[PDB]
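Beneath this line is the structure, given in structure tokens, with notes to follow.
Chains as they are written, first to last, in this note's numbering: chain A, 1 to 49; chain B, 101 to 149; chain C, 201 to 249; chain D, 301 to 349.
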């Protein structure tokens with residue numbers, strides 16, 4: 001498919017179009033824990049601290 | 101066992117949080133529907149006069 | 201002339217019907233707008249934390 | 301001639317009413333389409349796992 005072929009070919013040249021700051025292959029368990037702790041909708045400055 | 105209990109508490113927090121978010125999204129549609137009602141009836145007034 | 205004057209009075213009464221409809225529609229607009237802006241109140245935020 | 305000209309203006313106002321009605325209907329179409337496409341968001345997916 002032209003759509004999927006273009007997706008895998010562009011990844012080498014423009015990976016930044018697919019980087020997600022919340023998920024990444026190799027994410028530590030402690031990072032997954034941090035995401036769970038700030039998954040609410042009301043994030044205070046102190047809550048993130 | 102403590103790990104399982106903590107996971108269940110965290111899941112409830114995130115589930116309830118997203119429930120409030122979907123609840124707000126429904127409120128947004130209701131607000132937009134009401135805004136259209138007022139605009140529609142103001143156009144009907146021009147026809148009436 | 202008297203009959204046609206009553207026709208004018210009827211559309212004036214129909215304008216009053218439209219005014220009452222818009223008054224109720226405006227109330228729905230204000231109520232849902234206030235709910236959407238407030239979003240998650242302090243009680244709900246306290247329970248999640 | 302003047303009275304019949306007012307009739308033409310009346311159906312023009314009724315066309316304007318339909319335009320406002322379609323604007324609200326189109327907004328409802330986009331809102332529910334976005335909700336259906338989004339389906340399960342990241343927060344809800346995080347809680348289930």
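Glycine included, each C-beta is placed from N, C-alpha and C at the ideal position.
| Check | Outcome |
| --- | --- |
| C-beta neighbour in chain C for residue 109 (chain B), strict 8 Å | no |
| Contact list for residue 117 (chain B) against chain C, beta-carbon separation under 8 Å | 248 |
| Cα-Cα separation between residue 225 (chain C) and residue 137 (chain B), rounded to whole angstroms | 6 Å |
| Inter-residue spacing [alpha-carbon to alpha-carbon] between residue 4 (chain A) and residue 30 (chain A) | 33 Å |
| Whole-angstrom C-beta distance between residue 49 (chain A) and residue 110 (chain B), which should lie under 8 Å | Incorrect: roughly 19 Å between the Cβ atoms, too far for contact. |
| Residue 22 (chain A) versus residue 43 (chain A): straight-line alpha-carbon distance, rounded | 16 Å |
| Minimum C-alpha distance to residue 32 (chain A) - residue among D:336, D:346, D:315 and D:329 | D:346 |
| Coil, strand or helix - residue 40 (chain A) by DSSP | coil |
| Local conformation of residue 212 (chain C) per DSSP, three classes | helix |
| Euclidean distance between Cα positions of residue 16 (chain A) and residue 239 (chain C) | 34 Å |
| Opening and closing residue of the alpha helix (DSSP H) in which residue 341 (chain D) lies | Careful: residue 341 (chain D) lies outside any alpha helix (DSSP H) and carries neither H nor E. |
| Reduced DSSP category for residue 27 (chain A) - H, G, I as helix; E, B as strand; rest coil | coil |
| C-beta neighbour in chain B for residue 344 (chain D), strict 8 Å | yes |
| Per-residue burial, residue 220 (chain C) [other beta carbons within 10 Å of its own, 16 or more giving buried] | exposed |
| Which listed residue (D:328, D:313 and D:344) has its alpha carbon closest to that of residue 147 (chain B) | D:313 |
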